[PDB]
Each structure stands twice: as C-alpha cells, then as structure tokens.
> 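I'd like to ask you about the structure that follows.
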Amino acid sequence: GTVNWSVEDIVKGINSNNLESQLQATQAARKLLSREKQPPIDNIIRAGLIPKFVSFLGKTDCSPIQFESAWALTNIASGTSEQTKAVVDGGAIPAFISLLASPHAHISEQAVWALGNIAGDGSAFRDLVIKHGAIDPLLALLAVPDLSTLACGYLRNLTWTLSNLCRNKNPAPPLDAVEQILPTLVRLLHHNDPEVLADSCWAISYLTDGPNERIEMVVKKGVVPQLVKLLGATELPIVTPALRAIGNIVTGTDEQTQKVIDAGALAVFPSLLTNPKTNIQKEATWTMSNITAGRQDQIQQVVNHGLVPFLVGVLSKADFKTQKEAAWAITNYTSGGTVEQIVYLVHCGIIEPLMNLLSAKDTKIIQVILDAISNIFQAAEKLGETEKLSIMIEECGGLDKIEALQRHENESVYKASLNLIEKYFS
Amino acid sequence: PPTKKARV
C-alpha cells in the first residue's frame with residue numbers, strides 16, 4: 001500500500017533512518033506525482049524532498065530507490081521552469097548523468113528521460129547538461145551494431161532527449177556538441193520506428209534552423225536524400241519535421257538549395273502544395289518561395305516539375321497565410337526569372353488570382369503583389385506586349401483595385417499603384 | 001514534440 005499517501009506521511013518515511021521505509025515513501029511520492037489530475041509538484045517541493053531524492057539517486061545497493069526517485073524527479077522536472085530549476089538546484093544533473101551507466105536498463109532510461117526534461121527547459125539548462133558531460137554516456141547507450149536490439153520505448157526516449165539537446169537558440173547548441181551528436185542522429189534517421197524517425201527529423205530541423213554554417217554541418221553528413229524520402233512519408237508526424245528541415249536548408253546558399261533539388265524534393269511538392277493539413281501547405285509554399293528566390297536554372301527546375309500551376313492553385317484557394325507565402329513565391333520568381341519564365345507564369349493563369357488577392361486587409365501582401373505586377377510588366381515591355389497585359393488586368397477587374405489603392409494609407413502602396421497607372425494605364 | 005513530459 002503505497003497508494004494515496006499524505007505528503008506528511010511521505011516526509012515521515014523519508015526522514016526515517018531506514019532505507020526500506022525511505023523506499024516505500026519515495027514510491028508513494030512517485031505515485032502521487034504520476035497521476036494525471038493536478039499532481040502536487042509544489043507540495044512535494046515545499047516539503048523539502050528534492051535533496052533526499054537526489055541523494056537516493058546514488059544508492060547503488062538499492063536500485064529500486066534509484067528508480068523510484070528518478071521517476072519522481074523526472075515528473076517534478078516536467079513542470080514549470082521554476083520546478084525544473086528546483087530539480088537542477090538540488091544537484092540532480094551529475095547524479096542522473098552517473099545513472100546513465102546503470103546496469104539496469106529501466107533506471108538508465110529514467111535518467112535519460114529526466115535529462116531530457118531538464119534540457120528541454122531551455123538553452124541555459126541544455127548547455128549546463130552538456131557541460132556536466134551528458135553527451136558521451138548518452139551516445140554510448142546507442143553505440144550498438146543494430147538499433148533494433150534496443151527496446152522500442154528506450155530508443156524513443158533516447159532519441160527525444162537527444163532532440164532536446166539539439167533544440168533552442170539564443171544561443172544554438174555548442175558546435176562541438178552538434179558535431180559529436182550528428183553521426184548518431186544520422187543513424188537514428190534511418191531507423192524504422194515512426195516516433196524515432198519523427199524526433200530525429202525534429203532534431204535535424206533544429207540544427208538546420210540557423211546560419212549557413214549550421215546548415216552546412218548538417219548537409220555534409222549526407223542526410224538530404226533521406227529527408228526527401230521522409231518528406232514522402234504517409235505519417236504526417238514525419239512529413240512535418242522533414243519538411244521543416246528541407247525548408248530550413250533552402251534558406252541557405254544556392255548550392256545547399258541545389259542539393260535539395262538534386263535529391264528529388266520538387267517531385268513531392270504536387271502533394272505537399274495540396275496537402276489537407278494547413279500547416280503542411282503553408283510550409284511547403286514558404287519553401288517554394290525560398291526556392292524561387294534562387295538562380296534562373298533553379299526557377300527552371302520549378303517550371304519543369306510542373307509546380308507553377310500548383311502555385312496558381314494556392315493563390316486561387318488556400319488559407320490566407322498560405323496565400324501570402326504564395327504571393328512571396330511569385331514575387332521572387334518574377335524578380336529572378338527570365339522573360340520567358342515570367343511569360344510562362346502569365347500563361348498559367350497567375351493574373352486573375354493575383355489580382356483577386358489585392359482586396360486583402362494585409363498591407364505586406366499588397367506590396368508584394370504590386371512588386372510582382374511591376375516585374376511582369378517589365379518583361380512585357382521587353383517583349384512589347386504591355387497592352388495585352390494591361391487589357392488582361394482590366395478585364396478581370398484588377399485595375400479597379402489598383403486605382404482604389406491610390407488612396408491607400410501606406411506610402412509605398414500609393415506610390416506603386418499610381419506608378420502602375422501612369423506607366424501602363426494612361 | 002513537447003519540451004517536457006511526465007511519466008504516467
């Protein structure tokens with residue numbers, strides 16, 4: 001009977017001089033803290049029990065109390081930053097790192113979990129866990145010929161804790177820590193368990209969310225083809241982080257973007273740009289907008305893969321955030337594209353949805369659309385066809401919108417719109 | 001994924 005103990009009874013048992021009474025009371029605490037309904041974390045903290053639990057972590061001759069106190073401290077560290085800090089302040093970090101080497105797998109796993117919660121608080125505790133030396137023993141647990149010999153839940157918890165050591169910015173994780181973790185991360189990215197794949201992908205997405213040097217560290221390990229394969233997964237919890245990572249990577253240099261293209265990513269975008277999950281569609285369109293900001297041959301590969309009609313589709317009908325990203329993709333396309341590429345854009349039907357979006361309450365999207373329209377008109381000039389385009393815009397009703405924009409609040413807006421009128425509709 | 005999680 002360790003069920004429904006009072007905190008006072010727990011304190012009584014833990015303050016006894018009897019390791020087995022302490023074990024019973026720690027288990028009672030664990031059971032209080034592992035209920036879903038409002039676990040009494042703060043009451044346990046106020047009772048002063050964290051130091052006792054931390055001391056129990058070191059009791060090698062009573063592994064049950066190591067496990068029970070590890071679980072209790074895990075659940076305390078799962079709370080607010082103040083509660084996690086309470087666990088850190090009691091000395092828990094080195095004690096958990098020492099438990100990583102336990103011969104009992106359920107105890108090492110519980111230490112992995114606790115360290116995941118501590119690191120998940122934020123950059124400072126993440127880096128403090130690293131400074132206390134957690135990475136080496138964590139990776140040692142994964143240094144096996146075949147990850148399949150490990151228990152599924154254990155492997156999942158190891159992957160998740162590793163992902164938290166890769167998470168967060170200001171600052172990003174230490175460069176040497178990333179380099180030390182990456183080979184194991186790449187091995188996890190090839191594992192067959194959906195949750196391991198998802199959390200590995202999330203870690204890779206964290207590591208690519210930064211300057212081009214971080215992106216390059218990742219790309220050099222050769223993960224882009226595997227990311228593209230996972231971009232094609234049926235499980236949405238895998239697609240989402242794989243797509244996040246791909247989008248991050250194409251924020252980099254034209255060469256890193258080209259590595260994404262060469263791996264076959266564009267072939268997946270017909271489905272991504274029509275995906276029923278709004279956030280997938282939005283992130284896919286954001287990624288496209290960064291690809292169309294690249295080189296003219298990269299725009300050409302966007303064309304060859306049949307993706308301009310899919311951008312026309314998103315512009316015609318999508319969540320408004322997705323539509324704004326699509327407008328960005330079009331402006332980048334027209335800013336970097338050849339005359340022929342811009343003409344092709346017009347032939348795909350861009351004008352009417354582009355115009356229909358000008359009645360938006362968002363000023364940024366209006367600016368973006370007007371810039372795109374100007375670039376298209378410049379290509380038309382280069383071809384001597386500006387009247388055709390003006391007639392198109394007028395026939396679908398866009399000229400009325402542009403005229404209405406003459407009396408717009410923002411300076412750039414009415415500057416742009418009256419330039420258009422005086423230059424092409426006079 | 002969550003930043004933290006309790007064991008229930």
Side-chain angles (χ1 to χ4, degrees), chain A residues 30-31 33-39 41 67-68 70-81 83-84 87 106 109-110 112-123 125-126 153 156-157 159-164 166-168 195-196 198-203 205-206 237 240-241 244, chain B:
Chain A
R30 179 265 285 184
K31 285 178 182 189
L33 293 160
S34 59
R35 85 198 179 185
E36 315 230 22
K37 280 163 187 300
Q38 333 191 323
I41 294 170
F67 175 63
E68 293 290 348
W71 187 343
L73 286 172
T74 292
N75 285 16
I76 296 169
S78 77
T80 64
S81 291
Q83 297 168 338
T84 309
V87 172
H106 67 293
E109 177 174 4
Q110 204 54 60
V112 170
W113 193 329
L115 289 163
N117 279 342
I118 291 165
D121 185 69
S123 290
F125 283 161
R126 175 204 70 202
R156 293 176 175 175
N157 275 319
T159 305
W160 173 77
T161 288
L162 279 178
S163 78
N164 269 354
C166 297
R167 197 169 182 168
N168 288 297
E195 285 182 46
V196 168
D199 286 344
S200 284
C201 271
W202 278 111
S205 84
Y206 307 149
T240 295
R244 175 67 65 90
Chain B
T3 56
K4 307 174 181 172
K5 59 184 192 188
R7 176 171 175 168
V8 186

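Order of the sequence lines sets the chain letters (A, B, ...), proteins ahead of strands, with each chain counted from 1.
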> For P2(B) and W160(A), work out which heavy atoms get closest and say how close.
O-NE1, 3.2 Å
> Donor-acceptor pair, distance only, cut-off 3.5 Å: does the side chain of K4(B) make one with the backbone of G79(A)?
yes
> Name the region of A114(A), side chain, backbone, both or neither, that has any atom closer than 4.5 Å to a heavy atom of chain B.
neither
> If I measure from the heavy atoms of chain B, does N168(A) come under 4.5 Å with its side chain, its backbone, both, or neither?
neither
> Which pair of heavy atoms, one from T3(B) and one from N164(A), lies closest together, and at what distance?
O-ND2, 3.0 Å
> State, to 0.1 Å, how close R7(B) and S34(A) come at their nearest heavy-atom pair, and which atoms those are.
O-CB, 3.3 Å
> Does atom CZ of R244(A) have more than 12 heavy-atom neighbours from other groups under 6.0 Å away?
no
> Would you call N157(A) and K5(B) a side-chain contact if the rule is heavy atoms closer than 4.5 Å?
yes
> Taking side chain as everything from C-beta outward and backbone as N, CA, C, O, which of these in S205(A) sits under 4.5 Å from a heavy atom of chain B? Side chain, backbone, both or neither.
neither
> Pick from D199(A), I118(A), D121(A): which one has the most heavy-atom pairs with chain B under 4.5 Å?
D121(A)
> Side chain from CB out, backbone as N, CA, C, O: work out which of these in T84(A) comes under 4.5 Å of a heavy atom of chain B, or both, or neither.
side chain
